[PDB]
Each structure stands twice: as C-alpha cells, then as structure tokens.
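Throughout, a chain's letter reflects where its sequence line sits, starting with A, and its residues are numbered from 1. Hydrogens, waters and symmetry mates play no part in the numbers below; they use all other heavy atoms, side chains included.
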Amino acid sequence: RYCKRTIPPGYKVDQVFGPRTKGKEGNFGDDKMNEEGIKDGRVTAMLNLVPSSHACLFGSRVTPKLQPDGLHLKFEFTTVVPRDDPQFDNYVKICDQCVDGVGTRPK
Amino acid sequence: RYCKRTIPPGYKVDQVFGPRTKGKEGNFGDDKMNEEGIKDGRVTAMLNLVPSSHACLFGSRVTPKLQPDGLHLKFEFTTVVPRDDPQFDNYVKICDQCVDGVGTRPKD
C-alpha cells in the first residue's frame with residue numbers, strides 16, 4: 001500500500017511521496033529535504049514526532065469517507081511539543097523551514 | 001513521547017491512548033476493541049491502513065500551530081482503499097463498528 005512506503009537511501013522524497021506542495025498533502029519538506037531524503041539530518045528529528053502505528057490508529061481523530069472510488073480513511077494526529085521541551089526550538093525551526101517549504105533551501 | 005506509545009499485551013486501549021470518544025481524537029474503537037486491545041483481530045486488520053512513519057511525514061498534510069503551551073503539530077493522512085479492493089468490505093465494516101463506536105459492541 002502507498003501508506004506503507006518508506007524512502008530508501010538515494011531516493012528523493014518526491015520519487016516516493018509526490019511533488020512537495022503547499023497547504024495540501026505532501027507539503028512537508030523544502031528543496032534540500034526533497035533532494036537528500038532520509039539523509040537530511042532534519043528528517044531523523046522530525047520522525048520522533050510522527051505517531052507510531054498504534055498512536056496513529058488510537059490517538060488520532062479518524063474520519064472514514066466513502067466515495068465512488070473507495071474508502072478515504074483520514075487520520076488526524078496531533079503531536080504536542082511543550083514550550084519548555086529541550087527540543088522545542090529545533091522542531092519549530094525545522095517546521096519553519098520545511099512546511100510548505102517547496103521552492104526554498106535553508107540556512 | 002505520547003506519539004511513540006504502543007499497546008502492550010493485556011492492556012486496554014484507554015490505558016494508553018485515553019477513552020474512546022466521538023468526533024474527537026481517540027474516536028477509533030468500540031467497547032470490545034477498547035477492552036481487548038491488540039488481542040482484537042480487527043486491530044490487526046486496521047494497522048494495514050495506518051501510514052508508515054515516512055508516509056506519515058511526507059504523505060500527510062502537516063500543519064504546525066503554536067500556542068502558549070507549545071507546538072501542536074497536526075498530521076492529516078488519508079489512506080485510500082479502492083472499492084474493488086478485496087479487503088474493502090472488511091475495512092468498511094470495521095470502521096462502521098469502531099469509528100465513534102464507544103458504547104457499543106459488535107454482534108456475535
């Protein structure tokens with residue numbers, strides 16, 4: 001299933017999960033993240049904030065929508081990083097760079 | 001981290017991820033799924049439709065919101081099962097039972 005794909009070394013993010021976008025699905029990652037894929041060192045940090053498979057099922061708000069083409073099962077999971085968490089600044093900064101970041105590179 | 005918790009053998013869902021709700025976070029599961037946790041074979045089926053950690057990051061729509069308490073980072077991920085997928089009927093049935101299902105148990 002698409003929802004089970006992972007990014008091996010030497011794939012760009014868009015080779016696996018589609019062009020980076022703004023405000024839509026696929027919106028996470030600036031051009032440098034797209035290019036480096038899993039070797040971008042910001043990716044490891046960000047994956048710490050992504051739900052495990054159990055948290056994604058049981059901790060999300062889940063919304064099944066049936067359409068003529070099939071079942072669109074939406075998971076909305078919200079991870080909270082407290083303001084005084086030792087990693088708070090770094091995550092906010094990576095979000096600043098990467099969310100809707102297509103067309104930009106950091107520094 | 002709350003987002004990395006897993007449900008061990010012999011634990012209820014609500015012990016780990018809070019009470020089952022309707023129309024909010026934690027809305028997936030009827031009373032049998034809550035009680036049985038991972039013993040419930042429906043759970044096994046449904047995990048096949050949950051995104052990998054890569055698919056969750058790069059295939060979701062991601063929305064960061066800052067509040068006085070910190071960063072609320074929202075992942076919206078939609079898995080699509082074709083109507084003609086041979087597992088379509090089963091998944092749809094589990095969703096009918098478990099989404100906002102708190103307060104019910106399935107027929108046996």
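- To the nearest 0.5 Å, atom CE of residue B:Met46 and atom CG of residue A:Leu73 are 4.5 Å apart.
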Determine, step by step, whether A:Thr21 and A:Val102 satisfy the side-chain contact (heavy atoms from CB on, under 4.5 Å) criterion, reporting the C-alpha distance in whole Å, the side-chain angles of both residues, the deciding distance to 0.1 Å, and the verdict. CA-CA 6 Å; A:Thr21 63; A:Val102 59; over 6 Å; no
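- Closest heavy-atom contact between B:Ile94 and B:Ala45: CD1-CB, 3.9 Å.
- By the side chain to side chain donor-acceptor pair (under 3.5 Å) test, B:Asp69 is found to be paired with B:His72, residues two or more places apart in sequence or in another chain being considered.
- With values rounded to the nearest 0.5 angstrom, A:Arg5 atom CZ is found 11.5 Å from A:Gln15 atom CD.
- Of the possible polar contacts, one joining the B:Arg61 side chain to the A:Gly23 backbone as a donor-acceptor pair under 3.5 Å is found.
- A donor-acceptor contact shorter than 3.5 Å is absent between the side chain of A:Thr6 and the backbone of B:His54.
- Annotation: A:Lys12, atom NZ; neighbour count of heavy atoms from other residues, nucleotides and ligands within 6.0 Å does not exceed 12.
- Listed by chain and residue number, B:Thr78 satisfy the side chain to side chain contact (heavy atoms under 4.5 Å, CB included) test with A:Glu25 (two or more places apart in sequence, or in another chain).
- Taking a cutoff of 4.0 Å between a charged side-chain nitrogen and a carboxylate oxygen, B:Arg1 and A:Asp85 qualify as a salt bridge.
- To the nearest 0.5 angstrom, A:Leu71 atom CG is 10.0 Å from B:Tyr91 atom OH.
- Of all heavy-atom pairs spanning B:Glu76 and A:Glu76, the tightest one is CG-CG, 3.9 Å.
- For the atom pair OG (A:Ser60) and NZ (B:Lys74), the distance works out to 11.5 Å, reported to the nearest 0.5 Å.
- Using cut-offs of 30° and 60° on the angle between ring planes, the pair A:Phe17 and A:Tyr2 is perpendicular.
- With hydrogens and angles disregarded, a donor-acceptor distance shorter than 3.5 Å links the side chain of A:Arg20 to the backbone of A:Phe28.
- For the pair A:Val81 and A:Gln87, the minimum side-chain heavy-atom distance is 4.5 Å or more.
- In this structure, the side chain of A:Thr104 does not engage the main chain of A:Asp30 through any donor-acceptor pair within 3.5 Å.
- Taking a 6.0 Å sphere around NZ of A:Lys4, one finds it holds more than 12 heavy atoms contributed by other residues, nucleotides or ligands.
- In terms of modelled atom types and a separation under 3.5 Å, the side chain of A:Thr79 and the main chain of A:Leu49 share a donor-acceptor contact.
- How far CD of A:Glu36 is from CD1 of A:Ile7: 12.0 Å, rounded to the nearest 0.5 Å.
- Of the candidates B:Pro51, B:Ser53, B:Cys3, B:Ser53 is the only one forming a side-chain contact (heavy atoms from CB on, under 4.5 Å) with A:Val50.
- Panel note: side chain A:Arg105, backbone A:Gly103; no donor-acceptor pair is recorded below 3.5 Å.
- Clustering ILVMFWY residues whenever any of their side-chain heavy atoms sit less than 4.5 angstrom apart, transitively, puts A:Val80 in a cluster other than the one holding A:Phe88.
- Between B:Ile38 and B:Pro9 the shortest heavy-atom distance is CD1-CD, 3.7 Å.
- We find the OG-CZ distance between B:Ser52 and B:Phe58 to be 10.0 Å, quoted to the nearest 0.5 Å.
- Between B:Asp40 and B:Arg42 a salt bridge is recorded (basic side-chain N to carboxylate O distance below 4.0 Å).
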